[PDB]
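Starting off, we have a lone chain in the form deposited without the ligand, written out as structure tokens.
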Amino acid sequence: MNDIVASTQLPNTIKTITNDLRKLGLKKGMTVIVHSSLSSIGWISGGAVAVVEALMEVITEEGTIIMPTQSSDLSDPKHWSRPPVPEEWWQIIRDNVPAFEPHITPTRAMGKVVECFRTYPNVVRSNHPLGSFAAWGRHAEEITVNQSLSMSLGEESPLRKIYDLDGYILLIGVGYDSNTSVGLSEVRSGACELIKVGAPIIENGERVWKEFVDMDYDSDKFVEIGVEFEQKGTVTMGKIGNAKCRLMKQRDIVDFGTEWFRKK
């Protein structure tokens, strides 16, 4: 916090952030999926809330804002790597981990900006226990509704609805390893193996541990993809405060990513 204060000349505000966003190319009526690091911007008067109102101010109710709202805490611990756990636990976890509930389940590894956004009124969340998304504005409903359990990031997912709407991805202080849209590139190219997975859901107002199948998604290659993608000079770059940001068409990068994965 001390550092963030020191590295900032004047405070970022809803107004400054809003300028920065417009200079960069965000505009009224656009569809955008947003990924962010709050600290990278520098000190902000209002933190997470300011970044959310600024996005809202620029895009407006006639535009649409989406953000990933992933809750991997709820996943089968068999496959747990980041931190791992003893096999005696596994079956206890499956039998006791609380079911997914849109309004309730916290995100993990998404950031304060996402935590703040998902609790806003009129912001709606998709129905996936592990790979949900939240959306606001004009196509909120259409984007978040009827996500399939299997293939969370596939052709029945919000990623594809953003694709069909020819929308944009915005990266604030983060690189391609956070660019969830490229998962759809994975699916479309068959980049990863399938695995049997599970999660807890409310089936008939009744907790149930549901097994189903998904890709072993891997953002390991995303950064590489992004570097080679940017050689085409189709990404807009500029600062929000101190943060290096990026604005691109989602179709652009998803299509590049599909072709890239195949070329291997």
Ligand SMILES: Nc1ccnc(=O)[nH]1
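The numbering used is simple: start at 1 and walk along the sequence shown. Between two forms, the rigid core is the largest collection of C-alphas that superpose within 1.5 Å.
Stretches compared: 201 to 209, 234 to 242. Higher mean C-alpha B-factor in the entry: 201 to 209.
If you average the C-alpha B-factors over 132 to 140 and over 145 to 153, the higher value belongs to 145 to 153. Of all the options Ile162, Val114, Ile93, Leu184, the entry's greatest CA B-factor is assigned to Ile93.
Within the group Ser178, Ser126, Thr119, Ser75, the record's highest C-alpha temperature factor is found at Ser75. Among the modelled residues of the chain, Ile44 sits in the middle third by CA temperature factor in this PDB entry.
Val227: CA B factor in the middle third of modelled residues in this chain (values from the PDB entry). Per-chain ranking of the deposited C-alpha B factor places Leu10 in the highest third. In this PDB entry, the Cα temperature factor of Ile172 sits in the bottom third of its chain's modelled residues, the lowest group.
In the deposited entry, the Cα temperature factor of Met215 places it in the highest third of its chain's modelled residues.
Only in words, not in the display: the form deposited with the ligand bound, which the text now covers.
Taking a 4.5 Å heavy atom cutoff to the ligand in the deposited complex, the contact residue among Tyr120, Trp80, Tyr163, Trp90 is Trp80. With a 4.5 Å cutoff on heavy atoms, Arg108 counts as touching the ligand in the deposited complex. When the ligand is considered in the deposited complex, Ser148 lies well away from it, no heavy atom lying within 4.5 Å. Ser185 falls outside the set of residues with a heavy atom inside 4.5 Å of the ligand in the deposited complex. Taking the partner from elsewhere, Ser72 is found to have a heavy atom lying within 4.5 Å of the ligand in the deposited complex. Heavy atoms within 4.5 Å of the ligand in the deposited complex are found in exactly one of 97 to 105, 187 to 195, 72 to 80, 138 to 146, that being 72 to 80. Comparing C-alpha positions between the shown form and the other one after a rigid core fit, one residue in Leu170, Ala191, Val113, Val123 moves 2 angstroms or more. It is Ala191.
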